[PDB]
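Chemist: Here's a structure for you.
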Amino acid sequence: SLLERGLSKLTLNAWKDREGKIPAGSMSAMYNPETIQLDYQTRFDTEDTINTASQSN
Amino acid sequence: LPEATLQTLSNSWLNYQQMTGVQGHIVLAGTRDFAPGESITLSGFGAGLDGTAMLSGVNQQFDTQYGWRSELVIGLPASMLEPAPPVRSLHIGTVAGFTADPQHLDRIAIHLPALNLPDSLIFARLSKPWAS
């Protein structure tokens, strides 16, 4: 919107190092994915104590 | 000759080797009713393990799982069986004045500078080539 109506395909850009100084190739995907999902996961463990009855993890 | 009479040291080594004969542990649950010299007895079991056993120590073991578990200990690990811890070196010492032997030998009272004991005296035996 606000300029024009045309599809923006997603682009897969690849490097060789972490920082991005050395570039590999790149490709833009036809037929956009229709769903993306980002999944988080943070791992906890219940701390144990034999003195008190406070309950944390 | 280690002591005056060797009755007690002969009884003592025979007793410290008996304690290696039966040794193990009884994992109980949580009591302060036991002590390292209590001599408890096992009664309700089969013919293998029934009888009075004398303890050697208690371990308390507080933790999150298992709760509180007063482990009992039976038996003593091992023994060296020396009359005294051996010193196998040659040492030198100076003769210390004169003091008569209360054990009625002819032992000559010396010092040993390996000890830092300038005041106390040590009676020692004298070796002669011939004696007779």
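Going through the structure tokens in order, the chains are called A, B, and so on, while each chain numbers its residues from 1 and the ligands are numbered from 1 in the order shown.
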Mind checking which residues fall within 6 Å of residue 20 of chain B, counting only C-alpha atoms, ignoring those fewer than 6 positions away in the same chain, and posting them as a JSON list (two decimals) with N, CA, C and O atoms, in the first residue's frame?
Modeler:
```
[["chain", "number", "residue", "atom", "x", "y", "z"],
["B", 75, "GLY", "N", 31.23, -51.86, 61.38],
["B", 75, "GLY", "CA", 32.55, -52.36, 61.06],
["B", 75, "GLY", "C", 33.57, -51.26, 60.79],
["B", 75, "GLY", "O", 33.24, -50.12, 60.48],
["B", 76, "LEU", "N", 34.84, -51.65, 60.91],
["B", 76, "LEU", "CA", 36.01, -50.81, 60.76],
["B", 76, "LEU", "C", 36.82, -51.26, 59.56],
["B", 76, "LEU", "O", 36.90, -52.47, 59.29],
["B", 77, "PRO", "N", 37.43, -50.33, 58.79],
["B", 77, "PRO", "CA", 38.00, -50.69, 57.48],
["B", 77, "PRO", "C", 39.18, -51.65, 57.47],
["B", 77, "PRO", "O", 39.07, -52.73, 56.88]]
```
Chemist: Write out as a ChimeraX atom specification all residues of chain A that backbone DSSP assigns to strand (DSSP E or B).
Modeler: /A:11-15,23-28
Chemist: Leaving out segment 79-82 of chain B and any residue of its chain fewer than 4 positions from it, which residues lie within 8 Å of it when counting only C-alpha atoms, given as a JSON list (two decimals) with N, CA and C atoms, in the first residue's frame?
Modeler:
```
[["chain", "number", "residue", "atom", "x", "y", "z"],
["B", 13, "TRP", "N", 45.03, -56.14, 69.07],
["B", 13, "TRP", "CA", 45.13, -56.42, 67.64],
["B", 13, "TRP", "C", 44.13, -57.48, 67.22],
["B", 16, "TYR", "N", 40.80, -55.44, 66.88],
["B", 16, "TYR", "CA", 40.75, -54.58, 65.70],
["B", 16, "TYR", "C", 40.77, -55.35, 64.39],
["B", 17, "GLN", "N", 41.07, -56.64, 64.40],
["B", 17, "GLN", "CA", 40.87, -57.45, 63.21],
["B", 17, "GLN", "C", 39.51, -58.12, 63.18],
["B", 86, "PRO", "N", 56.94, -46.62, 62.55],
["B", 86, "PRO", "CA", 58.38, -46.90, 62.53],
["B", 86, "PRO", "C", 59.22, -45.75, 62.01]]
```
Chemist: Could you please tell me, as a PyMOL selection string, which residues of chain A have an atom within 10 Å of chain B when using only C-alpha atoms?
Modeler: chain A and resi 47-50
Chemist: Save the residues we just selected, C-alpha atoms, as a compact mmCIF listing (two decimals), in the first residue's frame?
Modeler:
```
# COMPACT_ATOMS: atom_id res chain seq x y z
CA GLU A 47 15.52 -24.95 42.58
CA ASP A 48 15.51 -27.11 45.68
CA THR A 49 16.16 -26.21 49.29
CA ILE A 50 15.83 -28.01 52.61
```
Chemist: Please, which residues of chain B, numbered as in this document, come out alpha helix (DSSP H) from DSSP, as a PyMOL selection string?
Modeler: chain B and resi 7-18
Chemist: If you keep N, CA, C and O atoms, can you produce a file of those selected residues as a short mmCIF file (atom, residue, chain, number, x, y, z; two decimals), in the first residue's frame?
Modeler:
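After the write, result-v4.cif holds the following:
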```cif
data_model
loop_
_atom_site.label_atom_id
_atom_site.label_comp_id
_atom_site.auth_asym_id
_atom_site.auth_seq_id
_atom_site.Cartn_x
_atom_site.Cartn_y
_atom_site.Cartn_z
N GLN B 7 49.83 -58.65 77.09
CA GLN B 7 48.46 -59.17 77.08
C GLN B 7 47.52 -58.20 76.38
O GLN B 7 46.71 -58.61 75.55
N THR B 8 47.63 -56.91 76.71
CA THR B 8 46.65 -55.95 76.23
C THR B 8 46.84 -55.64 74.75
O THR B 8 45.86 -55.54 74.01
N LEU B 9 48.09 -55.52 74.30
CA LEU B 9 48.34 -55.31 72.88
C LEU B 9 48.03 -56.55 72.04
O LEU B 9 47.70 -56.42 70.87
N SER B 10 48.11 -57.74 72.63
CA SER B 10 47.67 -58.93 71.91
C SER B 10 46.16 -59.03 71.84
O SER B 10 45.62 -59.51 70.84
N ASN B 11 45.46 -58.60 72.89
CA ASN B 11 44.00 -58.51 72.82
C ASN B 11 43.56 -57.43 71.86
O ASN B 11 42.55 -57.58 71.18
N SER B 12 44.32 -56.34 71.78
CA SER B 12 43.89 -55.19 71.01
C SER B 12 44.01 -55.42 69.51
O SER B 12 43.17 -54.94 68.75
N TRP B 13 45.03 -56.14 69.07
CA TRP B 13 45.13 -56.42 67.64
C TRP B 13 44.13 -57.48 67.22
O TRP B 13 43.66 -57.47 66.08
N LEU B 14 43.79 -58.40 68.12
CA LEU B 14 42.80 -59.42 67.81
C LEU B 14 41.41 -58.81 67.76
O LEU B 14 40.54 -59.32 67.04
N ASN B 15 41.18 -57.73 68.48
CA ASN B 15 39.88 -57.08 68.45
C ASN B 15 39.74 -56.16 67.25
O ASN B 15 38.66 -56.08 66.65
N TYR B 16 40.80 -55.44 66.88
CA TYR B 16 40.75 -54.58 65.70
C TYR B 16 40.77 -55.35 64.39
O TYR B 16 40.51 -54.74 63.34
N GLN B 17 41.07 -56.64 64.40
CA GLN B 17 40.87 -57.45 63.21
C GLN B 17 39.51 -58.12 63.18
O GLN B 17 39.06 -58.51 62.10
N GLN B 18 38.85 -58.28 64.33
CA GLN B 18 37.47 -58.76 64.33
C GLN B 18 36.52 -57.76 63.69
O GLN B 18 35.54 -58.16 63.06
#
```
Chemist: Report as a PyMOL selection string all protein, DNA and RNA residues lying within 10 Å of segment 21-33 of chain A, evaluated on only C-alpha atoms, omitting residues in the same chain fewer than 2 positions from it.
Modeler: chain A and resi 7-19+35-36
